[PDB]
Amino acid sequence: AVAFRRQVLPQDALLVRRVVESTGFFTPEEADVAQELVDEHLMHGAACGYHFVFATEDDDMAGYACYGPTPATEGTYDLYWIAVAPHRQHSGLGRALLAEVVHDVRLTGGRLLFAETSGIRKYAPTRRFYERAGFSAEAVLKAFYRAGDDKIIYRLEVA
């Protein structure tokens, strides 16, 4: 039984870091960012503009999604990432976490949810995930991250 929680607790910053570290898609610098967002929500609240949906089983965090409203826009949101622990990864939890983010974005009047990823081979699964969830590749910024590493911007119309 997976439970979805939106309230950020003090235990979360480190639990998120461990989730992020278990996936292999986060360099230490990226895992630092992942944890910092949880801490800023603890040191401010909703004010930081970072929202979370944590998937838990017992006292363990199976995975989570991080998202927020896009600055200077009306009804546009960014999905920062969905991270699931390796042992809960072929469980449909990723799609469940995205469904919850979409529910939340719809409730606050959102029209769009954007996700950005890399165009390299390693990110092929992530792109499939987004495409299977109904996101459409709307923009490609060539060599955005580095030579040969393009940024692909995926769009999901929510309303």
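Don't overthink the numbering: it's just position in the shown sequence, from 1.
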Stretch with the greater mean C-alpha B-factor as recorded in the entry, comparing 148 to 156 against 2 to 10: 2 to 10
On mean C-alpha B-factor from the PDB entry, just flag whether 95 to 103 or 35 to 43 is the higher one. 35 to 43
Reading the B-factor column for Cα atoms of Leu112, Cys48, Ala115, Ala65, the highest value belongs to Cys48
Here the Cα B-factor of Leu141, set against its chain, lands in the third termed lowest
Where the record places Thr56 (Cα B-factor, split into thirds across the chain): highest
